[PDB]
């Protein structure tokens, strides 16, 4: 299929692109490189075994989007582009609403103009808000995210749903990601945060690689087995694969298809650390810190739906998530070159 991958040079996007190319699709990547580098492109081609077209641009530029869609005879769009640093979002709400809400709106409007009606959205478990019922199931009503980031993802879900209602031929997937971690098995691609990583895994990796002293564990007093926060960590490759399938299976299937994408199991902070210590063959240094504002104590996905309906499920383990990250981290300590 002909697929436009916004944010295709980013973490999850890059990996998805490799997988798409492996399944022989024609990929066109659209990224503004605000959080990624051109240096990944070659890697994606190599690992993908096929050349993906790259366009440097902004999802907010509706005329460009339209031209692209047209020019490339796109069939389906996978939208990963956006801002995602939760903390920052709180400090800088406007940027989030613009990039995420306005960003998506401009894109789907361009789609409409170009007669493109197959869409995949990168959503997040945050939309469930403070749900005491765990694991989280898709049929649960949404809640209220506590950051401009979370709110922006929920808003986009809402707009997309409304769009589909008004334009019923549209096929729209709302993929609610859980906690993506891991890296390509090759260790030649992976997450490349700039500055202080906000997520647990990369932070651990940075401690491990010797860049940072100790991992701060945000809270040791939660109502969990070990008192640390619990989440559903999913391997970026499994995520990648799920997008490929979603894309292939849902194209031209009218509706709003909502699926949780996770392992369907919870792992605590220590579990992850332990997993990483094991992978890197040394104890990861850590310490206990106060709870982090806005963090829930524990949650994980109920991923039955994607299984049943898309025959999709995670195949990588936590170990692999840790190992693959360590490999990348260790093979490319400076990330992607400038």
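Numbering follows the first chain given and starts at 1.
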Worksheet item: What stretch has the higher average Cα B-factor here, 142 to 150 or 227 to 235?
Response: 142 to 150
Worksheet item: Averaging C-alpha B-factors over each stretch, which comes out higher, 254 to 262 or 102 to 110?
Response: 254 to 262
Worksheet item: Hey, out of 240, 175, 215, 156, whose CA B-factor is highest in the deposited coordinates?
Response: 215
Worksheet item: If you check the C-alpha B-factor for each of 160, 183, 116, 83 in the entry, which is highest?
Response: 116
Worksheet item: C-alpha B factor of residue 71, ranked within the chain: lowest, middle or highest third?
Response: lowest
Discussion item. When the deposited Cα B-factors of this chain's modelled residues are ordered and cut into thirds, is residue 306 in the lowest, the middle or the highest one?
Written reply: lowest
Worksheet item: What third of its chain's C-alpha B-factors does residue 322 belong to: lowest, middle or highest?
Response: middle
Worksheet item: Considering only modelled residues of the same chain, in which third does the CA B-factor of residue 57 rank: lowest, middle or highest?
Response: middle
Worksheet item: residue 91: which third of its chain by C-alpha temperature factor?
Response: lowest
